[PDB]
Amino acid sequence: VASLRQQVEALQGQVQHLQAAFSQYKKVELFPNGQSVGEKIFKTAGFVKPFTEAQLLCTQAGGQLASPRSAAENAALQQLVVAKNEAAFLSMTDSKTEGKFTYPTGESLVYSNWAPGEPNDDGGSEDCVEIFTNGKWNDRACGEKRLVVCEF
């Protein structure tokens, strides 16, 4: 029993070391292209791509396109967009049913921050969504190129 006790004490020190070391690396890793908010992490690729390409990049990386589900998440995402000074694509589209935006899973939106008058399906061909540097949303043509930002 004393042997196991010694083992536990050792593990406690090793875990404490990992926690401290990892806490430091979290900050290092997110600088300058990442943003943590709650349990979610947004990270930009630093370049622009059309929706389909951006979506694939995020999915293959084990995440998905930025999908802010609260004002707080949206504000965090906005910080990255502002820092890079490039509007970015969100994950939602109304490709299936015009006028009804959904997440990649098909679920309807639980949050939105549409600019006044949006979505307006301008030209009758805007089924993707972009977030501006001011944090507001606008439906935009999926064929256009916007900043690639994924969430993990």
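Residue numbers here begin at 1 and follow the sequence given. Rigid core (definition): largest C-alpha set, two forms, superposition within 1.5 Å.
Larger root-mean-square CA separation from the shown form, computed after a rigid core fit of the structures in 8 other deposited structures of this protein, is seen for 5 to 13 when 132 to 140 is set against 5 to 13. Remark: stretch with higher mean C-alpha B factor among 94 to 102 and 60 to 68 is 94 to 102. For the pair 27 to 35 and 104 to 112, the record assigns the higher mean C-alpha temperature factor to 104 to 112. The entry lists a Cα temperature factor for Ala88 that places it in the lowest third of the chain's modelled residues. When the CA B factors of the chain's modelled residues are split into thirds, the value for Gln55 lands in the middle one. For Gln78, the recorded CA temperature factor ranks within the middle third of the chain's modelled residues. Per-chain ranking of the deposited C-alpha B factor places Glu9 in the highest third.
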